[PDB]
Each structure stands twice: as C-alpha cells, then as structure tokens.
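S.K.: Give the three-dimensional model of this entry:
(8 chains)
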Protein chains: 8
Amino acid sequence: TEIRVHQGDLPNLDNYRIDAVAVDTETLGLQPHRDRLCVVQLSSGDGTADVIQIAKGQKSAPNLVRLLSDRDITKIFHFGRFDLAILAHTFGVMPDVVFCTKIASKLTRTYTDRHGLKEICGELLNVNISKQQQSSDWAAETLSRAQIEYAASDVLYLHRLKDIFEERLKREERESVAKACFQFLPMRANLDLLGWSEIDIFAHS
Amino acid sequence: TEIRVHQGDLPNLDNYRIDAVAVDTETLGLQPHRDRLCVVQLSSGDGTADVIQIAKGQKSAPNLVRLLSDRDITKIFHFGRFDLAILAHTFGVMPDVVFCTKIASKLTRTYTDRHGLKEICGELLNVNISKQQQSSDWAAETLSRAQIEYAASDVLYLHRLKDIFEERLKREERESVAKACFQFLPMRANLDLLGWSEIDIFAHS
Amino acid sequence: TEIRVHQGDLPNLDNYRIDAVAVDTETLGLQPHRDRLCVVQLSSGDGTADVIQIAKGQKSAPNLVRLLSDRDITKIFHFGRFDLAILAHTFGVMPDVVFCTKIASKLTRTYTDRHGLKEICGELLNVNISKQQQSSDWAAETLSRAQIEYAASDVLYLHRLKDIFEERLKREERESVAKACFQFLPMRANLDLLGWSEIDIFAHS
Amino acid sequence: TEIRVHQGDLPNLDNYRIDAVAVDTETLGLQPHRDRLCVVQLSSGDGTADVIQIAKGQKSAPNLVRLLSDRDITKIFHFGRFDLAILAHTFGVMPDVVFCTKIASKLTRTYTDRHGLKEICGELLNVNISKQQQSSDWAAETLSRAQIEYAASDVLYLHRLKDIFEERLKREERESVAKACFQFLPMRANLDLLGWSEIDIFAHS
Amino acid sequence: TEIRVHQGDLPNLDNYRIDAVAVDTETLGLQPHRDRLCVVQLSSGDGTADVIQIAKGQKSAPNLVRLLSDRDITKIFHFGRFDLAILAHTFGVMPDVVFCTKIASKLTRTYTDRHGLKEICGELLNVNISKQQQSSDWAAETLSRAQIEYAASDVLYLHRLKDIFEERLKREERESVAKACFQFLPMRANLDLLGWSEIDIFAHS
Amino acid sequence: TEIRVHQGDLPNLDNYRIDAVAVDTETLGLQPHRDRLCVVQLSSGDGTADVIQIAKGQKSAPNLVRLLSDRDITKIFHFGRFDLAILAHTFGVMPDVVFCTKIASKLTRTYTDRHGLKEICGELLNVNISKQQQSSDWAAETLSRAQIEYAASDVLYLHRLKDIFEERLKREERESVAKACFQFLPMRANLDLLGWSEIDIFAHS
Amino acid sequence: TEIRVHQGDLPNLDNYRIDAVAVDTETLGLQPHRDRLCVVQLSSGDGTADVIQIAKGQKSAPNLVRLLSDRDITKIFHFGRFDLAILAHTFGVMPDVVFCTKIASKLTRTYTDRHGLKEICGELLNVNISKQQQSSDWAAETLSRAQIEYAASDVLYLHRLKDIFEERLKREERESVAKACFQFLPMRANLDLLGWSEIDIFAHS
Amino acid sequence: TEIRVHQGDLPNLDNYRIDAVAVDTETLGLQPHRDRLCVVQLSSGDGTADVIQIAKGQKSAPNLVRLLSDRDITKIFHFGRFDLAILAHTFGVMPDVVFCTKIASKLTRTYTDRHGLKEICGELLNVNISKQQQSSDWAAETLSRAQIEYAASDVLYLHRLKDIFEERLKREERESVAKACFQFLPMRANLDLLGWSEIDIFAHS
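M.R.: Residues are numbered from 1 along each chain as shown, chains lettered A, B, ... in the order given. Now the structure:
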C-alpha cells in the first residue's frame, strides 16, 4: 500500500498517536558491532508503513527515538532480540515495553517447530508473504522498489498477529509467562550486546 | 560442624531471623514430575546447618514454606533453576527473591568454562569440597552420616560466595544484568515445570 | 466421503458392532502433559468416519471409553505409541488389544526406511494422501471443512492396511513377533507417560 | 570362593532345586552369528558357582537346557538381552521367565546414568568387583585361574541385587512395569537374532 | 526391449555363449541373513534382458549357477559387493571373475562424488534412468509390468559402461589398480557374509 | 559470444596488453597431486574468452606463463586458492598479484552465507549463470559446445565483479584488509601444495 | 628467578636494547571486546622477566608501546594471534615484526598434533612447565606469588624455542613459509578485532 | 638387548637368511609425500634388532631393498598399510609377501575393539611395552639411546605374534580370508600413495 520513505528520521509523529507500533530493522548482517543499521520500518497497523533510511555514522534520530522510549507505547517485533540489540547499539536507547511474536509463537503454536514470520502469517492469516530469493545491499544510497516493498511487508501484519496471539495466550492460560518473557527480553538483548550472544545464561552448561 | 536433622519441617524459625538463607535440595532425579523431593537443606551462613527429610507424598511444610515465601529474605542457590522447580512442584509456592551463584559465576568468572560449585569453592575460598564417589538412594528412611555430611556441605559456603560475587558484580559493573537475571529465574523454572525444560525460549532456533 | 462430526462423545455404539475399529487422535502437540487432546477419529472400515471434538478439561467420554475398553474389539493405530499415551492420559483407560501399522511396517517392509502413513498408503494401496493442515489449530471451536476431511483421511484406510500387513506377516513367518510387540505396546506408552519417553528401556546405553 | 568347573554340562541338577538361578555367559564377541558361546556360569545364590566350558560345535546341554526351560525357576541376568540371544542361538531354547538387573536399575536408580554391574554392586552392596585389566581368549582349551574367578564373580551377587531391586520396585510402585518388560525381554532377544539388533522397534525413527 | 521372465532358472544357456554377462539382483532388503533373494537379472549386452523369479527357500539354479561359476565369463555388476554376497549366500557359489562399475567410477570419475548408476548412465551415455516412486514387494507371485521394466533397466547398460570405464582406466594408467580391486571384491563380500559388514578391515580404527 | 579455443598455449599476447586478466581452470578433480589440469580459460573483459586445452603431461605454456608471471597484470580469480595451486603445480610458476572474488565476498557481503560465483553474479549483476546439469570429463580430446560455453561463462563476468567489490571495500573501509589477504593468498596455495591443505594454519587447534 | 613487577608501565627501556623480546599477556577472558587486559609479561631472554599490571581503563603505556612499535625488535609470542589482538585493542598499536612459536610448531613438529607450550617445552628443552591447578582472578589488585611466578614462566623460554625452531625451519626448507605466515599474522589478528574471529577467511566453506 | 645402529643400509644380509623378517619404520609424520622416512628397523626374530638411519634425499638402499624384494621372505608388519606406503615411496619397491598383525587381530581378537600393538603384546605375550612420554625428532643426526631402544622394541616381538595369530587363524578357520587380505594390502598402500588415502574404495559411500 502506501509506503513513505524518509531520510534520517520521521518528520513528525502525526501517524503514531497509538497504543502499539510495529517495528523492524534491516542491517548489513547479524553482528551489531560490525554490521551497521541501514533501515528502520514502522507501521501503525492502518495498512501503511514508514521506511527510514539510516545514514552511516548516524547517532541520533530524535522523533523515532522518542517513540522508542515512550513507555506508554508497546513496540511489536518478530524476534525482537536482534532488533532491540541493534537499535540500542545505534541510538543508545533500549526499549523496555515490547511484544515479540516469535516468543508468543513458541508459547502457543506448540504443535509445530516452524516459528518464522512467513509460516506464522500463512497459518494465522492466510496471507502469503513472498521472501526475496536474493539478499541486497541495504546500505545502497537508493533502495529499489522491490527492496522497499519487502521492507514494508515485514511490519504490515504484526498488529493482527499480536491480537491473535493475545487471544491464544489468554485461552491457554499462559499470559503471565509471556508477560515475564517480554519483560526480560530487553535484558537478553543487552546481554547480547555485552558479549554473551552465544551463551544461554540459564543453562546448566 | 553441627547438623540438625528434622522430619517433615523445621520446628520453628528461631534460627532464621536473617537477611539471606542458603537453600539446596536432594531428589530421586532430574525430572520433577517423576523424581520426588527427598531432602531439603538450609543454612543461615553460620557454622551449623539444618537438614529436613521430606516424606513420600508430603504436600505441606509450613515453616519451610514461610521462608520460601518471605520476600524480605533472599534465597541463595547454586543452579536455582532446578531447586526452584522442584520446590514449587512439591509445596505449591514459587520463591521470587533469589540469588544464584551459577548465574553470578557465568557473569563474572568469564575466564573459565567450569562453573560447578566444587570448582567455584576451590577458586574463591581455597576450600576443597569432596564429592561422593558413588550416588545413593536419598529416599532411604534413615540417611547415613556420610549422606548427612555431604548434604550439609552443599549449603555451608553459599553466603561467602554470594558476598564475593556481589563484590565482583560491582567491580565489573554488571549488577543490573545479574538483578534482571535473578528476577527472571523463577519464571524460567515455571517454564521448566510447564514443559519447556528442553527449550531455550529466547533462541532463534 | 461421509464424515459425522460429534461434540464430546458418540451418541451410541450402533455403528461399532465390529471386530476392529480404526482410531487416531489430534492434539496441541507431542507432549501429553502439556498438550491436550483435541480430536478423536474413528472408522468402522466403511466409507464413513466419525470425528469427535474433545473440549478443554473434558474428563469423561463414556461411549468412546467403553469402545476403547472392549477387549473383543481390536484398536488399529498408526504409531499407536502416541495415541495410546494421550488417550490413557486423558480418559484414564489404556486399551490392551491393539494393532499398529508402523510396527508392522518395520517388521515387513524391510526394503525401505520410510514408514510414515503417506508412504505406506502410497505403496500398498496406490492412494494419495495430502497434507499441510497437519500443523493447524486443532483447538478451534469450529473445525474447517479441510480440517475435518484431513482428520478423517487418517482413519479411512487402516483396515485395508491391517489386512495386507497380516498377510505379509504370515508370509514371512513373523506373526508371533508382531503379536508380542502389540502386547507390549500399551506398556511402552505407559512408560512414556511415567517419564521414560526419551529412554529406550532395552538399550545397553 | 568355591568354583566348580565342568566340561559340557552339569553332572546333575541336585544343586539347582531352587526357585531362582543366576545365569551369565562369556563368548568370543558381541555378534551371536559369528562369535560362539564359550562359557556358561550359574549360581544358586550361595557362596559357590558353577563354570561350564562349552565345546566348539556343541549342540546340546541337557541339564542346562532343563534349567533354561523350567518355568518354575526365574533366570536372573544382568543385561539378559544378550545372554538370552546367545543361549537361544546355541541350544535352541529361549527362556521365558527372566529378571534383568539392568532394566530394574533403569526403572529404579533414576538418579544416575551409570547402570553397569560394577556401579550397581558398589552402590547397593558396597562390594568391589575387580574387572580384568586385559581381555582374553575365552575359547581357550584351559581357562586360567584368574579367568575362572572373574567369570564366577559375575554371578555370585545377582540374587542379592534382585532382592533389593524387588524392594525398590515395590516402593516406587513400578512392579507391573517391570513385569511387562521382563515378559517382552525374550522377544527383544529374538528380534535381535532375526536381524533387528540395531533397531529400536518402538521408536518413531 | 524384449524382457523374458522365467520361474526358478534359465531354461538353457543358448543366449549366454558370450565373454561377459551383466548381472543384478533384487531382494527384500540389505541384510542377506534376513532378506531373501527375490529376482535375478541377466543381460547378454543386447537390447533384451532375462528376469528370473527366485522362489522362497530355493537352493538350486543349475544353469544360472553354472553361468556364475564359469571363469571364462566376466560378471558385470554395479556395486557387486552386495550382489556377490546375496548370490553366494543363496546358491553357495561365490563368483571370482567380476567387474564393478562403482569401483571403476571411484577410480576414474574423480571430479564428482556421485557414483550411483543413474548419474553414471546420464553422464556417460545420456540415458535417463527413471527410478520407482517407492520400493516394492519383490516377493510378489506376479511382478507388475512396471516392476519388470525397472528390473530390466538395471542391467541393459552395464556392458556399455564397462567399455567406457575400460577406456578411462587405460587413459589414466589405473588398469592394474582396478584389476587388484576386482580380485579382492569376492573376498570383501565373504567378509560381509561372515560378520564384518560394518568394518573397514583395512582402517587404522 | 566469441570463444577462441586453443591447443597448448595462446598464439600471442596481442589481446592481453591490459591491466587485469580473469583466470579460471578446469581439472580432473580437487587434488592437484592426483588430478591434472585440463583447461585454462582467460578473458580480457571485452566479452570474449580464450579456452586453452592443456595436454596430459604438458610441462610448459610459455605465452600463458608470461602472463601469469607479469607483476603489472592483476589476475582475477574466484576462489583463487585452488587455481593458484594447480597452476603452480603444473607450470612451476606461482602468481603473486591476485584478486579473489570469494575473499572479497566474505569481506563485504556480510549479510549472507552464500558466496559462490553463481550467487554473486545473480545478486550483484542480475545475470543468470546456468551450471552443468551433470559433471564432465574435461579430459576429452574434443570439448563439446556446451562444455566450452560453460567454461567461458566462468570468466566473462569477473571484471565487473572486481569493480563492484572494490567499490564496496572502499565503502566499508576494508581495502587494506583485503590487500593483505590477497598478498597472503599465493602463500596459502603453496601451503596447500606442501601438505597443509586440510589445516587452518592460524587456528588454535 | 628474578621477577620485576610494575604498575602501569616499564620504568624505562634500559633492559630492552635488544634484537628480540618475548611477550605474553593475561586477560579476563578470550573476547577482547568484553575482557580487559590485566597483565603484560616481557623477557630479554635472560633469567629475569618483567610483569606489568595494567589498570582498568588504561589507554597509554609509552615505554611498552615503544617496544611494540620498534621495527628493529622481533616480538616473540606463543599463539600471538590472541596477544596481538588484545594489545592492539587496548593500546591502539599493532606490532608488525613478530615470531609465533605455535605457527612454527605446526610447520615443523609434523609428527604430533599437540602444539601447546607445555608439550613443546617438554620435547624441545626437557623443561617441565608446571601448570596452575586452578584458574584465578588476574584483575586482583595484588597478585599472589604463585600467580607472578606462573605469569613469568610463560616468557622465560620463548627465545630458546625460537632458536631451535629457526634451526628446524632451515633444515626442512620452510623458512619462507614461516616468514609469510608471520607477516600475515598481525592482519589475522586485526580481522579478529573487526568481527571475523570465528571465520577462516581462506576456507571454501 | 643388542641393537645395531646403521646409516643408510645393512652391511650385508648374513643375519637375514631367514623365512620371515619383522619390519617397522619411523617417519616425520603420517603423510608420505610431505613427511620423509627417517628410520627402518629389522629383526630376524632373535633377541637382536638392526636400526638403520635413512638420510634426507636418500634414494637407494640396495641390501634393504633386496630384502624387501625377496618373494621367499615374508615381511611382518603391524599396520603394514602405512609402512608399505612409505617404503614404496622412498625406495620405489613395493613388497608383495606380507603379514600384518593388525588385520590378523581384527580377524581373530573379535572380543575387543583395542587393536594396538601394546594391547596385543600385553594380552598374547604378557609383555609390557613402555611407550615414549613424548614425541621426538627422528631426523636428528644422532638418536639417543632411549630413542634407539624404543624404536627397536616395535620389531622384537612380531614373530611370536605371527605364530600365535596363525594358530588362531587356523582355529577359527579364517586362513584364506587372511591370505586374501594380505594379498590386497600392498595394493591398499598403492591406492594410498596415488591419492585415495582417505577413501574406503569398497564402501557404498
């Protein structure tokens, strides 16, 4: 649908006077200390998305960061463990009110071992997400139309998933488990930034 | 060392008007749904210990449970993930103010991969704990003297370790990380009881 | 295909005055202590099937359990190790006269290592079994038509397989081996319920 | 200890008018079709043992086979899965009333993963069995004194172990599980002889 | 594409007055002691094949066995290690003049790791072998036409492959290497029959 | 395209008075001591290629070796570790001014784990390389048209890739890292020839 | 032995007007971004050593760094890949004239797979290195005598090993191999610092 | 005992007019193309041995190679697969009358998985071989006395082992199996030299 592309930051928050915002990122790789943040995508759940290109060496994005810091607004991620880490490493603010659809999937879709976003969207919404058959240079000065549409597709459905997962968590009486997991998730991301990314800190060995 | 052996429960809490209590358990195995709790050992950090034999089918232990429920008293474990699970499964109360020396070791003793209690005690206190060369039936009606001495030896040093680990956590500026881990540890134990004991809930796969 | 869908139980056993009944289950997952029984499917071997949706917390299903307890009726399963476990956990009655097509396949189809129901039906009957709905929300209040047809397809062919496998077991002179395996299968399922689900009880290690 | 050595068979059954006999074997290796049975040792549970040297190509041992066939005498083995296989392969008779200390250990000593005979004897009886520091040619025409004493040491304690394991099976309410396992054990051995020795017939894969 | 189907044995050797014969087998599985020989296939190198059904318990096939033991006729196999084993086990005669296309492939097609018959036929002859969609009951009294054609397809091309592989062995100067491997192959099969099927007899460990 | 096929050597260097030449090889396999060099392909980057057939036992190729030795011409490879080894082993000259697109990919395409030439050409240039549908000999006296066109396709695009990778290396400020890696790559190939091909010489173990 | 312990830096370079200096480090762990440098050890090759305690957050050590940047002085390490990384990370200077005894061992001691310092010293010098029986806190304000003597023992023998290894490299004609490996080693360490510490940059996969 | 040390070759064969000679080698490592032959040991089976130091680059040893070529003299090895390879690589002559105690052990000592020379000598002869406490430089100009004695100990007992293994091979009726294995063993070594050292040429994959 409508995808608004920005350089550096949102112009304002007129579209984000809401109770929950869907958030995703794109980077040059899986290691936040080496691989810089290149794109941030946002959606209010109204079927539109904002795509913000982040410049190399950029240290601040005040409007976006105010949104990320607002404790009255839940940030919805799929596998937020990574996005939280890269966002905190880049802008210096660790979000602390979050919902993760992957943790929710692992707590509710107990009849499968496939917890990726594509499988969740397919099963829960009968929506077919098409995943790029190649990767791309997210640090490119000009993003392609295909890149923009792929980047937007990762945030367009997270509100609907959160609603369904919240009903299922209520149904199976696991709400407090999920709440505690989401409360701990930002510290799991911090542990990743500090150097324990390969360690399950709670395991016996 | 003075070891007081009790049947079922502590007679009173006269010996436990303190800020922190060391706690450990002994079971018939690693699976709380199959392997029953057999012994609970406690120490005030003094030179004496209390060893409480738990009967088959015992569902209540009012004095012990008061300690486990008292939010004003920190419960010290080594690998509390297991002990919390078996205690909650046995008595129906999940402690929520805990300190775990194994998590603290993983957060401070970054120069080694051996985090067992014997090795920790050896490095931090130059105390040699001798571990039994065989296992035994902890459900026996009468415990042997060797069993009682081993059970007491498992709690006598956790206070000194906690003091040292708190010094190290302050030194390396990891106090808030440890605090968040300890806050989440009871829910990790509940996740174990509910059926996710073999799953790292935060891993990508 | 005629599929009769019921809530809670069969109305009567008028359609099941027979020597063998095909049985299958659906659940929320592979772990009976966490994942509740959601659907039970039955077939008389005719062109119709019964699909009984089981409610959350349901403890009783007298007509179904009566059928399961009738020692004059052989219960046919594919991989009955699981179905027997979940049935016994849910209703408290362990069937003791059973036939399992997966054990029979391993005892007769020695020229292949693929013993799943789809492959067996393909080889033995030239019948094409489809999929995709296997991983779906079986706890939904209203099952979809696709879910109902997929659930029924799992019982429609077990009688024909039992007939062919009995012929093959006779041909290779392995009938008494199979009979002994079927006699032990309920105890293998009980061992699973008691906590040895990950243990080969007969292995050296 | 008194060890009576015989060639071929017992002279008579005067010492074996008893309710249970301990049985063990020695062979040229683990594969009954290649590696012949070389020695059979028996004990009445007293302080003496019988060691019977079996000749190459020997097809019959009437007194021994009388014991193996007698349904009024329980045959005690440690890991009878192997001994039953080699005995049935050699003499054509499969015992069908058996007790196995390894299954009993796996059903009762749930607090350890070490189920060897040495560990069981050490824990349950505080008896130290010394195992040969070298292997040897059990097919030798004349066994050494060290060989004979080692071979006998494998049967002198099985009665005492069976008595203790019977107490634990009663205490933990697993008597019927053990009984069903013992009934299936001869068929597990037959499955081994027929060619499924590397296959857990009850596993999903 | 003449395929002559026989019961028990060839009627005579009029079509096999030749210097080399292509040979293949079908069985109930990979373990000769458990899985009986069901079919023997022969080819003169022409466009026709002979498919011989072997009965359960059959001990003799004088014309076939005469062919197998005639040292002036080279027997061509693909992976003859197996066929030689099952033939020797069934009829009591081990061929000693053989050619194996798998050894030849491993000695000449060093630029690939895929040495199956389909890949060899595709690369060297541009012949497309179509493999069944599953395995089948080769012990059936009447083989289907599709089964017969597949069985014939396995021998129709071995002469042409032998000719090409001989050219390749001459080109890379490995004729004596291949000859020594072929000389040892019957004894490798004997080791398999005797019980070393899982052992590389030449490996250090 | 125009592909010039030669026997033994280039006729002259009239087409190669240039700053960089794309180089690839084909062999009988991955082991230079066993598997001889069969074809060398070259391109100046003008959309044409030279395909040079190397004879068995050929020790010299004077015009080609002049190109390989000339320090003013950068030799571009994909996974030059192999090509450098086989070229030096065959003609006795190790190139020392090289660029490798695989090392460059590992230093720049950090967002993917697929670094093969097909994936790089597909992703970076939107060019579809169609690879062999089987293997080939390459030792054939006369190469097929399909072989020649496939062989040429491996050098036609390396100049464009080198240009892009050099731009990306500049963007992420990794030029000196790549330069040091390329300086060491010939010595890595030499280490392979001397016998350390299976050893990461820099690993702790 | 004489061991001089310093705080922060060497007092002067009066003892290091030499051609080669032995260098080793101790840290809080294997990950330079998390685990700080705690101790630096130096030796002139005589019977004395210098042990320099490095403070938390220390950015400068001018005399030490003069040694590190003196192109006329070879720095001898055992497994310098790590020490170079941690030194460059801490003080911002990468030594570029180095010798590593582990690379030399892998290039000369080809008859063994054990390349640790204890085994090398044992074989080459008949010197017994005693390894600490526990791990310790190298960040302690005051190191114990056992710690100081252990830390010194790691540098006292590197000169003698370098002499012997140089003889071995000349004898086996691998001098140029070693020189190229040593020249690349600082860049391998830089690659570790940049984020490729887990990647063999030269491997095919 | 008496150990005669020579450089290059035996002075004559006066002590080796015998029907079987024990042979062993020492090298700089496991890869014959990289790691040169350093020592050859010989024994007549009496209480003395000859130890011959081989110089770097030495291409001929006429008396030794005369011994190796003599078809009337059986060469006894332990794991001759390696020694045959290195001998053929060094002197160009492949022995073709051999006996290997390791193959014999694998064909007779079926009751164990431990086939090393030390274990064999311990079991079969009650002879204690003491193995070096480290590795050493076998290319040293002067071998130490301890080195010479260790090297000699590997040949002093092979005759007695051959006699015992031949008795056992007769007893289990595996003489023709062993004979065929020994005939192929030189060709297994040739395959190693040609480049198939890591390939079981007879395996399915």
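S.K.: can we go C-alpha only for contacts and neighbour counts from here?
M.R.: Noted.
S.K.: ok, the nearest residue to residue A:85 once chain neighbours are set aside - how many residues close by?
M.R.: Leaving out its chain neighbours, the residue that sits closest to residue A:85 by C-alpha to C-alpha, 6 or more residues apart in numbering or on different chains is residue A:189, at 5.0 Å. If you count neighbours by other C-alpha atoms under 10 Å in any protein chain shown, residue A:189 ends up with 23.
S.K.: in chain A, which helix has the most residues?
M.R.: Counting residues, the longest helix found in chain A (DSSP state H) is helix A:175-191.
S.K.: What residues sit buried inside it?
M.R.: Across helix A:175-191, burial judged by 16 or more other C-alpha atoms under 10 Å in any protein chain shown covers A:175, A:177-178, A:181-191.
S.K.: Reduced to three states, what does the residue nearest to residue A:200 when sequence neighbours are not counted come out as?
M.R.: Distances taken as C-alpha to C-alpha, 6+ apart put residue B:200 closest to residue A:200, at 7.2 Å, once the chain neighbours are dropped. Assigned by DSSP: H, G, I helix; E, B strand; the rest coil, the conformation of residue B:200 is coil.
S.K.: Stretch A:164-180 near chain C at all?
M.R.: No. Using C-alpha under 8 Å from any C-alpha of the partner chain, stretch A:164-180 stays clear of chain C, coming no nearer than 9.6 Å.
S.K.: List of residues touching that stretch?
M.R.: Outside stretch A:164-180, the residues that touch it by C-alpha atoms under 8 Å, 6 or more residues apart in numbering or on different chains are A:101, A:103, A:104, A:105, A:107, A:108, A:124, B:184, B:187, B:191.
S.K.: Redo these as JSON lines? Include distance to chain H.
M.R.: Below are those laid out as JSON lines (distance: C-alpha to the nearest C-alpha, whole Å):
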{"residue": "A:101", "distance to chain H": "43"}
{"residue": "A:103", "distance to chain H": "41"}
{"residue": "A:104", "distance to chain H": "43"}
{"residue": "A:105", "distance to chain H": "40"}
{"residue": "A:107", "distance to chain H": "42"}
{"residue": "A:108", "distance to chain H": "42"}
{"residue": "A:124", "distance to chain H": "43"}
{"residue": "B:184", "distance to chain H": "49"}
{"residue": "B:187", "distance to chain H": "48"}
{"residue": "B:191", "distance to chain H": "44"}
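S.K.: ChimeraX command to pick out the buried ones of those?
M.R.: Only the buried entries of these go into this ChimeraX selection, using 16+ other C-alpha under 10 Å:
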select /A:101,103,104,105,107,108 /B:184,187,191
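S.K.: Just the contacts of stretch A:164-180: which are in helices?
M.R.: Short answer: the contacts of stretch A:164-180 in helices (DSSP H) are A:101, A:103, A:104, A:105, A:107, A:108, A:124, B:184, B:187, B:191.
S.K.: contacts with chain C among the residues you listed, please.
M.R.: Among the ones in helices among the contacts of stretch A:164-180, no residue is within reach of chain C (C-alpha under 8 Å from any C-alpha).
S.K.: what two of those have the greatest distance between them?
M.R.: Taking every pair in those and measuring C-alpha to C-alpha, the maximum separation is 29.5 Å, between A:124 and B:184.
S.K.: ok, now how distant is residue A:175 from chain D?
M.R.: Separation of residue A:175 from chain D (C-alpha to the nearest C-alpha, to the nearest Å) stands at 33 Å.
S.K.: any idea how far residue A:181 is from that residue?
M.R.: 10 Å (C-alpha to C-alpha, to the nearest Å).
S.K.: swap in residue A:33?
M.R.: Applying C-alpha to C-alpha, the value for residue A:33 to residue A:181 is 25 Å.
S.K.: cool, and residue A:20?
M.R.: 18 Å.
S.K.: Kindly report the same for residue A:136.
M.R.: Using C-alpha to C-alpha, residue A:136 is found at 33 Å from residue A:181.
S.K.: what does chain A have sitting close to chain B?
M.R.: So chain A meets chain B at A:79, A:81, A:103, A:106, A:177, A:180-181, A:184-185, A:187-188, A:191, A:200-202, A:204 (C-alpha under 8 Å from any C-alpha).
S.K.: from the residues you listed, which is closest to chain G?
M.R.: The shortest approach to chain G among these belongs to residue A:191, at 11.2 Å (C-alpha to the nearest C-alpha).
S.K.: what about the strands in chain A?
M.R.: A:3-7, A:20-27, A:37-43, A:49-53, A:74-77, A:98-100 (DSSP state E).
S.K.: how about those in JSON lines, adding distance to residue C:27 and mean neighbour count?
M.R.: Converted to JSON lines, these look like this (distance: least, C-alpha to C-alpha, whole Å; neighbours: other C-alpha atoms under 10 Å in any protein chain shown):
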{"stretch": "strand A:3-7", "distance to residue C:27": "41", "mean neighbour count": "15"}
{"stretch": "strand A:20-27", "distance to residue C:27": "32", "mean neighbour count": "23"}
{"stretch": "strand A:37-43", "distance to residue C:27": "35", "mean neighbour count": "24"}
{"stretch": "strand A:49-53", "distance to residue C:27": "38", "mean neighbour count": "23"}
{"stretch": "strand A:74-77", "distance to residue C:27": "29", "mean neighbour count": "24"}
{"stretch": "strand A:98-100", "distance to residue C:27": "25", "mean neighbour count": "24"}
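S.K.: out of those, nearest to residue F:69?
M.R.: Here strand A:20-27 is closest among these (C-alpha to C-alpha), at 41.4 Å.
S.K.: I'd say the residue nearest to residue A:200 and residue A:198 touch.
M.R.: No. Between residue B:200 and residue A:198 there is no contact under C-alpha atoms under 8 Å: 12.0 Å.
S.K.: what about those two, which has more around it?
M.R.: Higher neighbour count among residue B:200 and residue A:198: residue B:200, with 15 against 9, using other C-alpha under 10 Å.
S.K.: For stretch A:26-39, which outside residues touch it?
M.R.: A:25, A:40, A:51-56, A:82, A:85-87, A:89-90, A:137-139, A:151, A:193, F:109-112, G:194-195.
S.K.: Just the ones of these in helices?
M.R.: Going by DSSP H, the helices hold A:82, A:85, A:86, A:87, A:89, A:90, A:151 from those.
S.K.: farthest pair in these?
M.R.: The widest separation within those (C-alpha to C-alpha) is 20.8 Å, between A:89 and A:151.
S.K.: Compare neighbour counts for these two and give me the winner.
M.R.: residue A:151 (23 against 18).
S.K.: Provide a list of residues in contact with the nearest residue in space to the more buried one that is not next to it in sequence.
M.R.: Closest residue in space to residue A:151, ignoring its immediate chain neighbours: residue A:41 at 6.9 Å, by C-alpha to C-alpha, 6+ apart. Residue A:41 is in contact with A:23, A:24, A:25, A:49, A:50, A:51, A:52, A:151, A:152, A:155, counting by C-alpha under 8 Å, 6+ apart.
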